[PDB]
6 protein chains.
Amino acid sequence: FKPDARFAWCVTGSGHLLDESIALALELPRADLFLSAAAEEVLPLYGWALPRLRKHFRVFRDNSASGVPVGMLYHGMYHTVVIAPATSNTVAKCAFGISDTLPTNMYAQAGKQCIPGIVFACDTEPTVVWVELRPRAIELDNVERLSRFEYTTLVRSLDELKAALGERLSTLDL
Amino acid sequence: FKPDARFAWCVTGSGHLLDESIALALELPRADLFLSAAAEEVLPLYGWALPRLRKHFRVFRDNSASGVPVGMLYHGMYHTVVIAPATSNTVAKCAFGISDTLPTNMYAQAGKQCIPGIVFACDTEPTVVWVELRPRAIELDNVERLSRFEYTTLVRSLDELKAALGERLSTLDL
Amino acid sequence: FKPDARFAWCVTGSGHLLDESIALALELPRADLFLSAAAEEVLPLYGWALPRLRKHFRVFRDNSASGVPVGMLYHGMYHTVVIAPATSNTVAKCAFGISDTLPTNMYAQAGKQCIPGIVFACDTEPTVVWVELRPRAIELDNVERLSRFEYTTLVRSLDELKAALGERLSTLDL
Amino acid sequence: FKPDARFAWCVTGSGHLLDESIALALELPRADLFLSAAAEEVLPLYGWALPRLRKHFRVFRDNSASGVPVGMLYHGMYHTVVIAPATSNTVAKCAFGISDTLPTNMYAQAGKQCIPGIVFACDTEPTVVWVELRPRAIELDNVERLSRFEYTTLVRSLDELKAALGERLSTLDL
Amino acid sequence: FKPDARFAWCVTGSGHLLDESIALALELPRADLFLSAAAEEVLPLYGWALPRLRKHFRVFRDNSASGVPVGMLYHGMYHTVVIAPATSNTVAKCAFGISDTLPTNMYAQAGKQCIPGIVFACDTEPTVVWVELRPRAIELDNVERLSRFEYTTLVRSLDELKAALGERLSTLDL
Amino acid sequence: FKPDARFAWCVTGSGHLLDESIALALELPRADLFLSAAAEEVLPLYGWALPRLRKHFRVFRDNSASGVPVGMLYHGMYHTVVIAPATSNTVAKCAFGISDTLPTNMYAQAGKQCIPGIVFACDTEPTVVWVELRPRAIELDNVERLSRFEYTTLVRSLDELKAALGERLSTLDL
């Protein structure tokens, strides 16, 4: 990749640990943000409206069915695709090779170019919202499927994400 | 759930037995309607334009990628999610844990909260339209997959739907 | 089918061998074009803007969630559904019975009516763009799945597409 | 069969979807009605007393232990035997080769002459009457047994019946 | 069931332990009698002509092919169906889901409503009449089949019948 | 248990998510703290010296080889034992039935009385400290062993702990 290659950090429509995910992206030396349409609606509700995101990142929005921003992968601008947080919906689509959103398109094209992907499946354990949410067998099956993809690291916690980003930086010597 | 909890009755883009499905929803003491985008285009063609639906129900439309109406599940307003009629497309998405429409989002969030779902797979037998439509192996495989989900009742006829709604009311003492 | 029945030639959001695919469609005596939303954005970038397409074909665009153009299958206007080129995304959706685009809707309704489908999976071998793209295991698994569908011919090259169209014409006596 | 061969439409003692079954028989170009003794008692209770039936059909009644009307099969007057609705009792008797009623006699003699039979097992899913009726394992086992008979099509819904009649007409070119 | 729900006590054409069976029915707080046609001929020969039965019970006779008395099950009048004595013929018909008599019709409709059935198979052991009667393999196979039915208790002696009735009363709190 | 029964919240010598664990314990209506000797040395280094702990909780310290505080379990004062955070060392000792610290003694005596235990194994995923820590096979084997104990819930994240505490409160009606 280019010397100034970046992280392609994709965000999906989950408020769960959304704030902490963006905080992690901020610690990265160079990352651009890639939003699904649902992320664009959800993020403002959790403190990350587009004007705020744009103060800290270049932001690419899902305003093309084709996923026009993905052409930048072909020129070596991104050495890594991250999805954090990754909704069950996005984990599902990734696991089955569906790419009709910007984050799922970024993930599939990265894999076809053997560019590493780190996926933070944020909905894989019982959680409180009080109301208890529990992942169904399909959520667990999809996480297992996607974790078997080549060039893919699936992580299930913030700590584990932080460690995978750290491993990545270490490999790239950044 | 709350004492005045309702049925969340989702409608997808099928005209098949659509009229009879809405007739069943009308017999229910309290139900709100949740439409996919395709349902919104199809329903008028079969006698159920939005103005007519709104005379009988509160109607929620799929005008958010995030599926904003689904937050109402968290407060115990819906004791049951119904999808009737359910297109093969929606049965597929449900079966694989994809939730990028309002009905498939309602179904997945219900399941994560252990709220029962009743799914009327209306395209599972040979039918006439004359032209004969026959479900393919994938339609049959997807129906079998979804019927194995926890908290899910898959029904293949109007009679069977009516019976599942009846079982539900009996459990809730309504 | 009707005596003047046509090919329903669907196009998806791939520039790969797009030009040669349209060239093949032009050689056909009678074919209409059916576009996904992503095809509509991609085609202009490769020399096939809508005004140009409309000089040679009737063109149906994906401007309904329901897929309104598909009703024409019921009246015997199309004796064959073709998808060429077919993105990995469309092959995936076809393979799992998802139909939320015009081409995937055309393919599923055709199959339910036992109308033959020919699918040109254009992303199944290593290719150069220089950058090398390689299909992942999921792309290969999805191609294998879809090739097992009834009434379906999956082809992996232009030559093979041309031969399948030729076999079809021979059967229809055109 | 003769050029003016008909459907032999048998009716058994079920009120379930009885009205809709007779409505389907009315749409047929040429059909005669064959009643069990229990059908003769049940039909009036659901709007189809003999005087009404006789306005629309030739009606044969079960007033012989031998089943005298069945001799008409031998002369090619009936190209198809239909049982709709078919009680669990009749499905049972058919499945085990018992023929001591007019409809079960018509079905067995048809099969021995390789004349196709279409059987509408109307009691195979949970239904409401409110009271819920659920088919027992024996009802389900008997439906599975009878569906394996040569020259037999077992259908489990009105839609499916309509489609089987349609397939039949198409074969006969009617 | 209703507070004043009764036993539906069915009688078949067996003189074997017939007297003792009626004696048991008399001990029950509330039971109605349901006769097969053969019971109606046999009972007088063993001391229980209709006038005598009618002094002690409401008596329903098999004077409809449809089995008109069975509609009373739908309104919760009977909390239990009993067949005592049950001929091998009735055990056979029950075991195979045939219902062309009033007792076999009562038993099948009860089961479809999940109303418990108690069946006294009175011909399952060697007995004297002197002449020795021995049940054949088919009688034993049919008893084994019927005993596996849901909601069914098969008993092979008076003592065992008395105990099953006692268990039933205990459950109902009568 | 007594009406005013409490949580027995045990703390071990881990600074990892220690702060957040104590924050969770603070949200509980009634909980006492039980410290290992290593917790007593570690806690001050992460902001929770004994004087601070004692402002918010009754605190029991590991100042007996016998584990004298554990006698309070016998009188129904604690309805639940929690270990959070639980070091790999404590998970190991628990998994093998060793109880030579106050938290491992509390956990074993609880289990012998069928009092539920919730164990937060805080060292089960790759984490950063930068230095990466990765659990060895023995840590993973021990977590699997302990999760199979009767009356035990093993959780691997804060979210999951919060949910298990919530499930517990719901059961106890607190």
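Refer to the structure presented above.
In this section: the environment of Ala 86 of chain B. All names here are of chain B. Structurally, the position occupied by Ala 86 is in strand 4 (residues 78–86). Sequence separation between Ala 86 and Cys 10 is 76 residues; the distance between their C-alpha atoms is 8.4 Å. Look past the residues within four positions of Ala 86 in its chain and what remains in contact with it is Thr 12, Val 91, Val 119, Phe 120, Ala 121 and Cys 122.

For the rest of this paragraph, the subject is the sheet that holds strand 5 (residues 117–121) of chain C. All names here are of chain C. Spatial strand order, 3-2-1-4-5-8: six strands in an open sheet with parallel pairing. Of all strands in the sheet, those bounded by a partner on one side alone are strand 3 (59–61) and strand 8 (152–155). Going across the sheet, the axis of each strand differs from the next one's by a mean of 20°, ignoring polarity. In this structure, strand 2 (residues 31–35) lies alongside strand 3, joined through three bridges in parallel fashion. Each residue of the ladder has a partner; that of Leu 35, found in strand 3, is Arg 61.

Between the two copies, chain B and chain A, the superposition gives an RMSD of 0.0 Å; the rotation angle is 120° and the shift along the axis is 0.0 Å. The two molecules are tied by a three-fold rotation axis, judged by turn and shift. Taking C-alpha positions as reference, the residue of chain B nearest the rotation axis is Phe 96 of chain B, located at 5.0 Å.

Moving on to a nonpolar patch on the surface. Residue and element names in this part refer to chain E. The grouping of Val 129, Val 131 and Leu 133 at the surface amounts to a nonpolar patch, some 290 Å² of accessible area in total. Here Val 131 shows up in the loop between strand 6 (127–128) and strand 7 (132–133). Residue classification places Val 131 among the partly exposed residues on the basis of a relative accessible area of 48%.

The next point concerns unusual backbone geometry. Comment: phi is negative for the bulk of residues other than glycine, and the bulk of peptide bonds are trans. Cis geometry marks the peptide bond from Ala 84 of chain C to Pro 85 of chain C; its omega dihedral reads -5°. Within the secondary structure, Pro 85 of chain C sits in strand 4 (residues 78–86). Non-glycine residue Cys 114 of chain F carries a positive phi angle of around 60°. Structurally, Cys 114 of chain F can be placed in the loop between helix 5 (102–112) and strand 5 (117–121).

Criteria and thresholds
Residues numbered from 1 in each chain as written, not as in the entry; some residues may be left out. Chains lettered and ligands numbered in written order. Part of a larger assembly, values for the part shown. Heavy atoms only, no water. Residues with missing side-chain atoms left out of burial classes, pairs and counts. Helix = DSSP H or I, 4+ residues; strand = E, 2+ residues; numbered from the N terminus. Contact = heavy atoms within 4.5 Å. Pairing = 2+ DSSP bridges. Axes fitted to C-alpha atoms, helices over the stretch in contact; angles between N-to-C directions. Least-squares fit on C-alpha atoms. Patch = residues over 30% accessible without salt bridge, like charges linked within 9 Å, V, L, I, M, F, W, Y side chains within 5 Å. Areas by Shrake-Rupley, 256 points an atom, 1.4 Å probe, with all protein chains shown as cover. Salt bridge = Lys/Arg side-chain N within 4 Å of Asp/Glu carboxyl O. Buried < 20%, exposed > 50% of the residue type's maximum accessible area, 1.4 Å probe, protein only.

The values reported here are purely geometric and, on their own, carry no functional implication.
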